[PDB]
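Protein chains in written order, with the deposited numbering: chain A, 1 to 6; chain B, 1 to 6; chain C, 1 to 6; chain D, 1 to 6; chain E, 0 to 489; chain F, 0 to 489; chain G, 0 to 489.
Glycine included, each C-beta is placed from N, C-alpha and C at the ideal position.
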Ligand SMILES: Nc1ncnc2c1ncn2[C@@H]1O[C@H](COP(=O)(O)OP(=O)(O)OC[C@H]2O[C@@H](O)[C@H](O)[C@@H]2O)[C@@H](O)[C@H]1O
Ligand SMILES: Nc1ncnc2c1ncn2[C@@H]1O[C@H](COP(=O)(O)OP(=O)(O)OC[C@H]2O[C@@H](O)[C@H](O)[C@@H]2O)[C@@H](O)[C@H]1O
Ligand SMILES: Nc1ncnc2c1ncn2[C@@H]1O[C@H](COP(=O)(O)OP(=O)(O)OC[C@H]2O[C@@H](O)[C@H](O)[C@@H]2O)[C@@H](O)[C@H]1O
Ligand SMILES: Nc1ncnc2c1ncn2[C@@H]1O[C@H](COP(=O)(O)OP(=O)(O)OC[C@H]2O[C@@H](O)[C@H](O)[C@@H]2O)[C@@H](O)[C@H]1O
Ligand SMILES: Nc1ncnc2c1ncn2[C@@H]1O[C@H](COP(=O)(O)OP(=O)(O)OC[C@H]2O[C@@H](O)[C@H](O)[C@@H]2O)[C@@H](O)[C@H]1O
Ligand SMILES: Nc1ncnc2c1ncn2[C@@H]1O[C@H](COP(=O)(O)OP(=O)(O)OC[C@H]2O[C@@H](O)[C@H](O)[C@@H]2O)[C@@H](O)[C@H]1O
Ligand SMILES: Nc1ncnc2c1ncn2[C@@H]1O[C@H](COP(=O)(O)OP(=O)(O)OC[C@H]2O[C@@H](O)[C@H](O)[C@@H]2O)[C@@H](O)[C@H]1O
Ligand SMILES: Nc1ncnc2c1ncn2[C@@H]1O[C@H](COP(=O)(O)OP(=O)(O)OC[C@H]2O[C@@H](O)[C@H](O)[C@@H]2O)[C@@H](O)[C@H]1O
Ligand SMILES: Nc1ncnc2c1ncn2[C@@H]1O[C@H](COP(=O)(O)OP(=O)(O)OC[C@H]2O[C@@H](O)[C@H](O)[C@@H]2O)[C@@H](O)[C@H]1O
Ligand SMILES: [K+]
Ligand SMILES: [K+]
Ligand SMILES: [K+]
Ligand SMILES: [Mg+2]
Ligand SMILES: [Mg+2]
Ligand SMILES: [Mg+2]
């Protein structure tokens, strides 16, 4: 979750 | 069953 | 483990 | 493989 | 009460009070192990009052010594009963640490709170440091294990005396208390274990208020002999519906059919009767010709005729409540010489003199709103008031099924508590189904009390079998689930 | 906008613009790896404009150097912003190849196109070589990865500025842009990843238009306390149907019941009311006596009476649209002091002065055809026009739920976008279900805005759970799927 | 060093030093996520020195802000380098908390320690508060993540400068450092991740000391053309054993056969030669007639004759070390015009003038005890001393394979480090197997350096494949495991 939200 | 009923 | 050791 | 080698 | 049961076990049977207290505390330890797994990794904070609840707590604490990561007792009482004093003495001789002052931050250093502050000895509202500690425990997010009853629940009513402990696990001794069974107490109890601590089985079995269990319902389910036909399984008439409320008859009628009843006939105002057979063609839905869409005295003779050839009559769902319905319901029930299941609007118009004068039996199935109107009290006075329900059933010679998340079933001598079900039943129609279930089981040969006991349990259990989120459950799905509840019971 | 967010992060927080650009490009590389697996086997063609989008592209290209089979940059701009210039300089010092001429056949020798031509800086229609290259990429059958927004999508509206890139994967920075959420932009975005490139969380969280997410809907779902009854969960009246449109009331009513509402009552012209209880006997379907099969002023007093004992009223589905319906709807809503969910034909006849004068709240649920008629504009002017929807909601003191493949929900201050659902909802009845859902959640205690947010999301998500081809989905199946959507949300 | 690599990347390539530091810190965050799963539940304590290691730490801290349960920086330095100063400034503008005083109890309130105190800039022993904090971290039982190298490891040697951090996870930038590869540093590193932070691949690839990897060994394994025969795969002579040490020849000989060598012949004193073929009849074990059970000059001519028809000779295992063995070994090697693998007792008696005068190549395979005796130094001076090993190999024109838990393989120009293996190899015989492996691969056509590289890796990897506890591994089992190591490598 730290770099990307889906 | 001897000690506890659920 | 509280009541019996095997 | 782009960011990390194990 | 358990109070008599403890007294008799000590004083007549001769079991030392200390032996009962030892067995109580060890049951708590075993129960926690069963829930938490190995205890050796946990730190325990045991909160002990000065009574025998606290004495039970000292036994717990002493038995965790040397076997878990840390144990601390906070002793909150002033004086100690003899057995509490004795077990405090043991805890300290065993090397245990007690403090009598509670600091807000002490919850920090512990994983499990054992709540041994107050049990059945609670009297009056909890205030002062007792209250503040309970409030801190409830805000702590720790695992809470309550000894006997969560402190602050009145064990006879299930009410909260100003504040109360919310437990993950409650270990009670001998029998469940009413306070674990009625809300809000039921909620604050969490998972309930009932421990055998050495009372003679005869005394444990002599309690006259019971939880309806699966084994009880299994032993009451009627037989299905292979050489049978529909008449073997009884005939129900349901007198229900109106131009305003056309759905109720259908849900009641199927409710009877799904529990194994042989023949079900509805009496419903025309054309609303046609609704039932369009949905379920197995129903007989007799058209009743009415002036304005409601039953009245004009229909009395037709309904009595229809009654002659059935075993039980259910009346009330969707009838409406106006003067002509009142006249009809009361004259019908006064003349009907068959068991009657009286529900909903038939309750709202019922003259209770009629019930006393009837020779045939009756079951009444009010929710608290209806019960409140029937005895001329407030909802809050009647809700979960099992003693009132008992007096009512005894005075009017009936079975009363007082519906709520915990349902009470009583004939005035015997009272049973139902704890199956969920909030999916909190939706229009679910009551109508239960009415049919009860009538059905009466038709199959169960007593009014037995029929009510089996029905409330199975009706709640069917709801629990719903496969999706409970809030989406509807009465029609509940019906489909009844035969699965029945199979799972066997 | 992100524009303010970038500015503030550089100028107030002091993050070097180059650090943001480095983080942007590397996010693109990581995202492609996650989608394509190991990158080392692929040949990459990176199309870079002269802006900061292109600068992000230079970082991508530079970071693939030496690690993949081949990288080529086609630089399509004239001038370069400072950060683009800097990253171009790096790409070249790192050994990278740039060309400034694009030959139709160059797509042949590459597997992946990285589209870094235009991002949020797009102004006006794309023409000339820019257009021809985008058109060639779209015909190429290669994997397309767009940096920030597919080039040619206006990031504020989702419109195509003459031509635009169709991406398999779009990597955007900080927050999704409106252009990824509204169609056609949503379509051309493909799979969207939102990368954290180092903006302070406080700025990212201060955007006042949001996508409705599963976590948001989960936290709004109301509680189901165990000690409850149907009244806990509210009462809805639905005023709906006509002799022409007898199905609408049934779909709305069940829509309320499937989301957990306690009691649902329909007011429907007789005999069309009987249709609802033949299908779902849990419904109360009150017969309304009408002159010609449509509600009129003759029914005003009966409907206001029915309203007194409910928490919310839904009105409109299947009412028809003639003068007598108009008179009734407007006088009813002017007098009704309950929250109203106003749908379908009640919208078509609505006098919007009535809405302004109401003290009680309202939700309106138009599709673009209805919205267009309500504000006297064309469908194309209103469709996906979130700013108009906001002004309308603010001026009329309501919540507006503007239905489309992306649904907009706004109270004029806050605006949410729903992206659940599929084309199975593109069929008569699906709107009627949503109306009931919204009324239901209002009855359970959610605000009109909250009730609309949860309902649009769950209604689309239930459609996605349909087990067969979506085009065969019908409203009746959608209803069955609602409780599964609810479970999956928890 | 990486130091040159950073300098060149900033100063010649023009990458801003701040961009490198940003990429460094984010790699640490991504690496921790990959190890810990979702970070949002954890509390992080980041220990930052005043150098660029600490600056990397500030980036980590800043990037956890708002996304995890808690972040605190303890700043332990006095002055800050420019990039540390800049990132400290960002951390604080982003809302981050720094303290400059460390209290023993602060570890209590955190789950993860990020160790950004010292990296490659460590000079001299760690003392004072630096030491006390490192010692507290090591006693804390928290998860430790070290930035670049665990603070206190000298990154060029792997030695501990008075005290050092024991990490669960170390994230290093660009290339592994020698300090992660040699013990004790290797031990304190825990799991090592090597992050790409944007250096040109050309510079990363120009480092002349390497870890032996699976891909390197796979690409060196010789081919097995189908139309082949035993001569295709070479012939080894092993000159080994004595009346005291009869087992060594057998382990060396099978070591050659298990790596695919075509023919293996042992020269062993009679009757000890018969031991080899009783265990493995595929071996040729030639009886050598000796006066007292040891090779001497009497056997020189027979051994040179045997040498003529092989591709490689291994000498030394179990020969014994007396004057007559010394005379024989040195005259043999002086006259032998074949590659020689010189091991064990042949090393102990070796006159190194002989090596310089030889035209044919040689590999030497000492453990540190043997190396120490060979260069007349202490074990502690030679152990893990790769620079000494390089000088030795260069001065004597050989390949040196210096055995230890990390083995060093060097020809004086190129140096490789082996990290496969476990303590099951810490038992008599394991060295004898490696000797045969090396000779075997030379016979199959690999260079002495290549043969040593493949052999040390496969020998350690075979040990790791042992199915039971490693301490029970014996040389005979290791042999059985070699062909499985080979398969797994392909
Ligand atoms: N509202 C109150 N506020 C403060 N103190 C109170 C309150 N109510 C009761 N107490 C005190 O609580 C104690 C009594 O509580 P119990 O321990 O529940 O009573 P007792 O009958 O001693 O023990 C019964 C308990 O022992 C076991 O058989 C079983 O655990 C059962 O619950 C006494 O010290 C009494 O003064
Ligand atoms: N478990 C319970 N606990 C507490 N109170 C309860 C419970 N169950 C019912 N009640 C109480 O009874 C009250 C009255 O309920 P009913 O008499 O069943 O009335 P209701 O079902 O709300 O109304 C019948 C409906 O028919 C329609 O024509 C009309 O729209 C009306 O809403 C509830 O509001 C509540 O006070
Ligand atoms: N949270 C719950 N948990 C367990 N059981 C529940 C819960 N909520 C309700 N129930 C059960 O659901 C049933 C509800 O019965 P009724 O209250 O009679 O409600 P309903 O079906 O809505 O009644 C229909 C109509 O009849 C008249 O009372 C009135 O006109 C009402 O609208 C009862 O068995 C009750 O115990
Ligand atoms: N219709 C057009 N036709 C031709 N050129 C155009 C057109 N519209 C804009 N341009 C040119 O495109 C470039 C601007 O595009 P962007 O790169 O989108 O704008 P800019 O604000 O530089 O960068 C914003 C971008 O950088 C990152 O923060 C993120 O990628 C964001 O999308 C400029 O060279 C501008 O002249
Ligand atoms: N998502 C959307 N995007 C764009 N336009 C839309 C959308 N949804 C609706 N519309 C527009 O609204 C228009 C009108 O739709 P309605 O007012 O709902 O009319 P419709 O449902 O087609 O007609 C009602 C039906 O009742 C029957 O008596 C009669 O047969 C009629 O066809 C559509 O043709 C279209 O222009
Ligand atoms: N492709 C799609 N993707 C996602 N959601 C969709 C899609 N197509 C439709 N929907 C959703 O389905 C629902 C359609 O609602 P309505 O447009 O109100 O359509 P419908 O059910 O046909 O309306 C019935 C009747 O009411 C009046 O509008 C009119 O008389 C119409 O015939 C809305 O939630 C809409 O967002
Ligand atoms: N023995 C010691 N005792 C106390 N302080 C010391 C000691 N040795 C070094 N220092 C101090 O430690 C700091 C230097 O440590 P580094 O941060 O390792 O050195 P520097 O070259 O600034 O940074 C190299 C680091 O940055 C990144 O490229 C990568 O993380 C690499 O490890 C300086 O403040 C220096 O005074
Ligand atoms: N990885 C290593 N690290 C540090 N030191 C090492 C290592 N490996 C070997 N040594 C050092 O080399 C020393 C000497 O080892 P060898 O010369 O191999 O002697 P060893 O195998 O102990 O003796 C041969 C054996 O033959 C028998 O006749 C006799 O019983 C003797 O014990 C060890 O004690 C130790 O100091
Ligand atoms: N902990 C470890 N981890 C990894 N590898 C290890 C480890 N311990 C030992 N090894 C490896 O095991 C092998 C040991 O080789 P030698 O030290 O030559 O030991 P050994 O087989 O005992 O030697 C036998 C005989 O030959 C002469 O040195 C001496 O007479 C000795 O007794 C080397 O490859 C070494 O790197
Ligand atoms: K208690
Ligand atoms: K783009
Ligand atoms: K460090
Ligand atoms: Mg009822
Ligand atoms: Mg519609
Ligand atoms: Mg050896």
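- Burial is judged here by how many other beta carbons sit within 10 angstroms of a residue's own beta carbon; residue 147 of chain E has at least 16 and is buried.
- Note that the C-beta distance between residue 111 of chain G and residue 57 of chain G is not below 9 Å.
- Neighbours of residue 232 of chain F in chain E, taken as residues whose beta carbon is under 9 Å from its own, are 422, 425, 426, 470 in chain order.
- Assignment of residue 417 of chain F by DSSP, reduced to helix, strand and coil, places it in the strand class.
- For residue 26 of chain E, the residues of chain B that pass the 8 Å Cβ criterion are 3, 4, in the order they occur in the chain.
- Note on the stretch 56–117 of chain F: whole beta strand (DSSP E) runs with a minimum of 3 residues are 69–74, 111–115, in chain order.
- Uninterrupted beta strand (DSSP E) stretches at least 3 residues long and entirely within the stretch 309–337 of chain F occur at 311–314, given in chain order.
- Distance from the CA atom of residue 289 of chain E to the CA atom of residue 351 of chain E, rounded to whole angstroms, is 26 Å.
- Around the CB of residue 366 of chain F, 16 or more other CB atoms lie within 10 Å, so the residue is classed as buried.
- For residue 195 of chain F, the chain A residues whose C-beta falls within less than 7 Å of its own C-beta are 2, 3, listed in chain order.
- Shown in chain order are the members of the stretch 38–60 of chain F whose Cβ falls below 8 Å from a Cβ of chain D: 38, 39.
- Chain F places a beta carbon closer than 9 Å to that of residue 92 of chain G, counting this residue as a contact.
- Residue-level contact check: residue 192 of chain F touches chain A, since one or more beta carbons of chain A fall below 9 Å from its beta carbon.
- A straight-line Cα-Cα distance of about 8 Å links residue 349 of chain E and residue 373 of chain E.
- Residue-level contact check: residue 205 of chain E does not touch chain F, since none of the beta carbons of chain F fall below 9 Å from its beta carbon.
- The criterion of a C-beta distance shorter than 9 Å is satisfied by residue 447 of chain F and residue 361 of chain F.
- A heavy atom of ligand 12 is found nearer than 8 Å to the CB of residue 52 of chain G.
- Per DSSP, residue 47 of chain G is one residue of the beta strand (DSSP E) stretching across 42–47.
- Collapsing the DSSP output to three states places residue 489 of chain G in coil.
- For residue 382 of chain G, same chain residues with a beta-carbon under 7 Å away, outside a window of 5 residues either side, are 367, 403 in chain order.
- Against chain D, the CB of residue 29 of chain G has a partner CB under 9 Å away; the residue lies at that interface.
- If the five residues before and after residue 279 of chain F are omitted, its C-beta is found closer than 6 Å to the C-beta atoms of 253, all from its own chain and listed in chain order.
- At least one CB of chain F lies nearer than 9 Å to the CB of residue 244 of chain E.
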